[PDB]
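What follows is a set of notes on a single structure, which appears directly below.
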4 protein chains.
Amino acid sequence: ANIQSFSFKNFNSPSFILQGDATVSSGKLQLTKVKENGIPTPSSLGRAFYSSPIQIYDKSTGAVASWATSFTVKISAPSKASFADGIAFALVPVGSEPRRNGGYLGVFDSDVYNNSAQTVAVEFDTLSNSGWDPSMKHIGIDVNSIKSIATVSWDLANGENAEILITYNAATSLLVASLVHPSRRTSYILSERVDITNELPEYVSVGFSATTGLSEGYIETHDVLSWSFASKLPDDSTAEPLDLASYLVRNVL
Amino acid sequence: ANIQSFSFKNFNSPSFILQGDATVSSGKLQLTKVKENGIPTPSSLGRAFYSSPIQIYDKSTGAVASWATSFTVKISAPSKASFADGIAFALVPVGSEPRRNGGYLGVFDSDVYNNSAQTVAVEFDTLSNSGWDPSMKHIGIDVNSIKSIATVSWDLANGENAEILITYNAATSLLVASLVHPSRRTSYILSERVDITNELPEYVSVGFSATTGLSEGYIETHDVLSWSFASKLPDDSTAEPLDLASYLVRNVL
Amino acid sequence: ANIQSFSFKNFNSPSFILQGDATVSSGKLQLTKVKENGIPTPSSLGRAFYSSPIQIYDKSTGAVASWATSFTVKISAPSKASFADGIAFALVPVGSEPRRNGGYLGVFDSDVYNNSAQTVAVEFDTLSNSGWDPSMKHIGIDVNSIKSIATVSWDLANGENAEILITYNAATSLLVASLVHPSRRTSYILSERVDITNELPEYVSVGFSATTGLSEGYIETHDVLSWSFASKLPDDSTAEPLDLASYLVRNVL
Amino acid sequence: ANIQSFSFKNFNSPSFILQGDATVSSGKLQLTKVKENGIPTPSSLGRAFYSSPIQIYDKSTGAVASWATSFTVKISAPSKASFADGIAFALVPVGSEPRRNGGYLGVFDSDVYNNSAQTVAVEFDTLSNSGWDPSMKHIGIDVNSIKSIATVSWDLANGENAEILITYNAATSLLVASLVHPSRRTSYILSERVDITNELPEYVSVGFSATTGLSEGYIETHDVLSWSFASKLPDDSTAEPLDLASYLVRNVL
Ligand SMILES: Nc1ncnc2[nH]cnc12
Ligand SMILES: Nc1ncnc2[nH]cnc12
Ligand SMILES: Nc1ncnc2[nH]cnc12
Ligand SMILES: Nc1ncnc2[nH]cnc12
Ligand SMILES: [Ca+2]
Ligand SMILES: [Ca+2]
Ligand SMILES: [Ca+2]
Ligand SMILES: [Ca+2]
Ligand SMILES: [Mn+2]
Ligand SMILES: [Mn+2]
Ligand SMILES: [Mn+2]
Ligand SMILES: [Mn+2]
């Protein structure tokens, strides 16, 4: 079995691929632009990926990998400004370049399924786009389109940490994402079946993508304070889910 | 730092403490009694704990441990029978003996807070007891009483696997529990703050406790198919949450 | 696969089984007796094992486990006293009681192979017993007898830490033990093939056993300052060696 | 703490940086050239590194990382040919290009200490170079020069697997390397203190480098069959050795 994993409580550019306005400052990963006085900047777009590609599956052996990632983000909006646009954890083709800005979160080009996009992402959408978005702020699973295949309402706690955990079990083909705001003791979870070997390539780069709104008052920050990831690829078709117990304690807690 | 962990995909009595009707057959952990023909038995009560005690905290250093557990259970009710009574993951005093049967799930004595009970458990209640239970089937966090301090409705999928994950972060004092029915793509999550050092002793035994109903037709099985656990105790007061990413992949997926 | 592991940098009686003069003081594991003034006591014998039994193999599936343990010991002899008798890491039958004292290190009864003894131990012998011992101080692998099947000279550094690592690879049936005295930059290693399923039972208790000499001037201390262990049991006959890289960093370094 | 780790039992180019004649075939990592008929090629040179750089230390916090790597190599020499030149595990500057071939193993330029070389490597030298090499085949620790600072004789078993483990403990500043030939039950170990923060940069690329002899009959193959690595970087100066127990079982065994 092939295993790849990492856990960062402190960020330093070397081990990451930064695109757009993504930068590393004070050890945290800042996905979008921020003026010196601390206020967010509109029309921003940043992405960051682990410098090592991860093999999601192997066409020769029919083995599919089971993986998990956990990270803490802090989304803050200036006093009188509205939230926009959101951040997303994504699996993209190794060479991939940023896509449309604004409501596309820098990972998709349209709200129409396009298998050739070869991108899967779990988004934390802070602005409802009338053309494909649910009524309020939400968490959603996007498979080759910005129109999520499943969503769940989310009560964003401005300025308070959000602890996220996303897992994929090759045995049940189930992708699950949960978010927790410790400060408020609120928690949200969402799950859906995703045939990964059909929506993505054998190798992908894992990371984040965030964008701020295209208007003067639709802004927010996107700071990743810590990030963990672990992947396991078997040798036969026989899938083996991961050990989350041992994972979180050895990585998140 | 002190660490203790284990992951069982196959059960064998030696490493576990069995009480009541709990038994190990065909490698799975069967908490309640079952007639030879496969049908569940009423008025049953079984418990099982890892043979090694786990230190939840240290009074001398002020360090509190962060831990996580994940397991898969299959709860089945004969064709025309009703569900009862439920199973619970619990932290109990090392020498502890089973308590009241029936709706008390074998871990509590009353629906009134009794700090001296020194027991905390996350229950998966399949029968609503008018005196302290919510309207329907639910997941709840019990702190020294059978009346949960917080609950969440749960749509039990008869005979289908339930993948559970419970975590405790010493930094936020937050206890979170989530349940997923892969077969139905449904998922539930629930969280609440719990001052562990006040509700439990320094050392505890971790395991399960399940009971069936006290009537002829209120029965169900309680098979644990796999179980993982991991605990980390720091050396100073400074708490450190676990790495769930690395945990699940190295343990659950 | 079944996994069991733990790592203690600080000791506390609850999770261990203590026999003889073994005690836990100031957080370290003291295997042999020591007078209040700090000097060792002759004719001492202490043993300590993890409170959870470990399954070395499964007769039904033909699976053999691969495991590894690492610990730091400090062996000190008063100014003008001679060294005796040694400490040993051992795998013994779950219910096992201490055996002969003195040169038998509390784990064996004779220097003649007795399969029914069902004990395997890696010893760090500090006193040469004319009847079965090599010329000087040594590390040896004992399989059901106090006469090691293989040994290696060892230059004990009085009062300086010794970092030990012992591993067993089910695939090569090879047992390897290495000792390092960081302070002196000296290192020793020793390896031998051992058909474990023939020399031990399915379940064993892992721990230490140490004894001091039976004479007024043959004494030394045996303090274990930290201890790690990890075991993995597959589901088919197909053995899988462990990941020492990930093991030491996640446990020893 | 920052952690990075991986374990490959099967190789696939994507996650690695290949230089020279290094190639991935049949899943194994072949460092040097080999004719289609299977015989090795002279004057060869290949290198391979994990695609993600690893931070060995942080100048700002004074924290030094503790790491460990384990891999299996198979060195074979055609019937009537002599061995040359060797393989080496090395830590090199992130952008680094191969160096001198032949007896320099592709990582060094001279047998004279040159701190600016910023390279540390543990070599498995199969050919004695009169100008800086010990009498026979050996394992050695090279710090910015091809003249090892310490060596140990090694009896190479032609065509038989060699299981290697190299560790670095930031607390003792000790680098230890051990080699085992399971087939022969032989084992070798070697250790030396190395002030890493003085010999290497903050970030390095970890991998292998191998070369064959510059003559018609001095050849041998260099196949890496599996490779594990794990690194842990603390947040304060306080170093913390790794858990090799948990590492090997979770990675090597
Ligand atoms: N990704 C996930 N988040 C929360 N609970 C889970 N249970 C299983 N996978 C999970
Ligand atoms: N116990 C838990 N279950 C699901 N998601 C979580 N996220 C953090 N802890 C969790
Ligand atoms: N137990 C052990 N000690 C030292 N080096 C090893 N290499 C493999 N197993 C080992
Ligand atoms: N790298 C290493 N190889 C073998 N035994 C060891 N003990 C500690 N570090 C070691
Ligand atoms: Ca949107
Ligand atoms: Ca009830
Ligand atoms: Ca002796
Ligand atoms: Ca040479
Ligand atoms: Mn959306
Ligand atoms: Mn209830
Ligand atoms: Mn001996
Ligand atoms: Mn050399």
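Side chains included, hydrogens not; waters and symmetry mates left out as well; all remaining heavy atoms used. Counting starts at 1 for both ligands and their atoms, following the listed order. Within every chain, numbering begins at 1; the chains are lettered A, B, ... in the order of the sequence lines, protein sequences first and strands thereafter.
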Run the numbers for me: atoms of ligand 1, each under 4.0 Å from some heavy atom of A:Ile189, listed by number. 4 (C), 5 (N)
Does any N, O or S atom in C:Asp133 come within less than 3.0 Å of the Ca ion (ligand 7)? yes
To check you understand the geometry: which heavy-atom pair defines the closest contact between C:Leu105 and C:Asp85, and what is its length? CD2-O, 3.7 Å
Atom 9 (N) of ligand 1 [closest protein heavy-atom partner, distance rounded to 0.1 Å]: A:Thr167 OG1, 2.7 Å
Hydrogens and angles aside, do A:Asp142 and A:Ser148 bring a side-chain donor and acceptor to less than 3.5 Å of each other? yes
Aromatic rings A:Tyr168 and A:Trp67: how do their planes relate, parallel, tilted or perpendicular, breaks at 30° and 60°? parallel
If every non-hydrogen atom of A:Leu45 is compared with every non-hydrogen atom of A:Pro98, which pair is closest and at what distance? CD2-CB, 3.9 Å
Where the Ca ion (ligand 7) is the vertex, angle from C:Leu127 O to C:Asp125 OD2 to 10°: 100°
Looking at the Ca ion (ligand 7), is there an N, O or S atom belonging to C:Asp85 that lies under 3.0 Å away from it? no
Residues B:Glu160, B:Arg184: salt bridge by 4.0 Å N-O rule: yes
Counting from 1 in the order shown, the ligand 1 atoms closer than 4.0 Å to a non-hydrogen atom of B:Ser178 are 5 (N), 6 (C), 7 (N)
With under 30° as parallel and over 60° as perpendicular, where do the rings of A:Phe71 and A:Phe208 fit, or are they tilted in between? perpendicular
Sub-4.0 Å atoms of ligand 1 with respect to non-hydrogen atoms of A:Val176: 1 (N), 2 (C), 3 (N), 9 (N), 10 (C)
Can an N, O or S atom be found in C:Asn129 less than 3.0 Å away from the Ca ion (ligand 7)? yes
